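Participant: Provided hereafter are the protein sequence and its experimental coordinates.
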Amino acid sequence: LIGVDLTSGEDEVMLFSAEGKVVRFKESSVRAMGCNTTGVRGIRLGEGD
DNA sequence: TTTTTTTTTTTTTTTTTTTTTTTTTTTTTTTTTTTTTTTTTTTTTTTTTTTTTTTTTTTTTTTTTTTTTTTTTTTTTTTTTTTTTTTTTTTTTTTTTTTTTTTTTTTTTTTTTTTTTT
């Protein structure tokens, strides 16, 4: 499913919150400007559940 | 004066078509059955002061495994093309307004005759 969707601008740092006690931060500018009906880019090597 | 040719509507009854009585399938419609909303009050739940012993964060230091890292080659991403769907101009058709032209039906009442059934 889709975890959550927020509307953001360039150079705004985004954080994740795993349900197995994890939190990460990657500048949003690192990742390429995606398009519709495409695949996805990995973010977090979240092992297990 | 007798006798000879031709013309059509009827004895027609049968073939073709039309008209008129019929009853399977998807679209309506009334019923029962399950989702919603407002009150009473009711034990019951729940909001807020005081005290208390607790158990997790912050002085300080340690390491190691996730954060550094560079690079090969994949493969998702993007490009062009074409098909399918959505949506809006365009057109067509139909309805209502008020003076005109035309029509068409259902029943009482009595008395007499046809026209079927028993």
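Facilitator: Thanks, I have the structure now. Numbering: from 1, shown residues only, chains lettered A, B, ... in the order given.
Participant: How about the residues of chain A by DNA strand B?
Facilitator: Chain A has residues A:32-35, A:38-41 near DNA strand B, with proximity defined as Cβ under 7 Å from any atom of the strand. For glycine as for every other residue, the C-beta is placed from the backbone atoms N, C-alpha and C.
Participant: Look up phi and psi at the residue in chain A that DNA strand B sits nearest to.
Facilitator: Nearest to DNA strand B in chain A, going by Cβ to the nearest atom of the strand, is residue A:39, at a distance of 2.4 Å. When read as degrees, to the nearest 10, the backbone of residue A:39 gives phi -80, psi -140.
Participant: Looks like residue A:18 contacts residue A:46 (just checking).
Facilitator: Yes. Here residue A:18 reaches residue A:46: they are 5.6 Å apart, a contact under Cβ atoms under 8 Å.
Participant: quick one on the thing from earlier: will you turn the residues of chain A next to DNA strand B into CSV that also has secondary structure?
Facilitator: Shown next, in CSV, are those (DSSP: H, G, I helix; E, B strand; the rest coil):
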residue, secondary structure
A:32, coil
A:33, coil
A:34, coil
A:35, coil
A:38, coil
A:39, coil
A:40, coil
A:41, coil
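Participant: is it possible to export these to a markdown table including neighbour count?
Facilitator: Below are these laid out as a markdown table (neighbours: other Cβ atoms under 10 Å):
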| residue | neighbour count |
| --- | --- |
| A:32 | 7 |
| A:33 | 6 |
| A:34 | 9 |
| A:35 | 7 |
| A:38 | 7 |
| A:39 | 6 |
| A:40 | 6 |
| A:41 | 9 |
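Participant: Residue A:26: which of the residues you listed is nearest?
Facilitator: residue A:41 (10.7 Å; Cβ to Cβ).
Participant: how close does that closest one get to residue A:34?
Facilitator: 7 Å (Cβ to Cβ, to the nearest Å).
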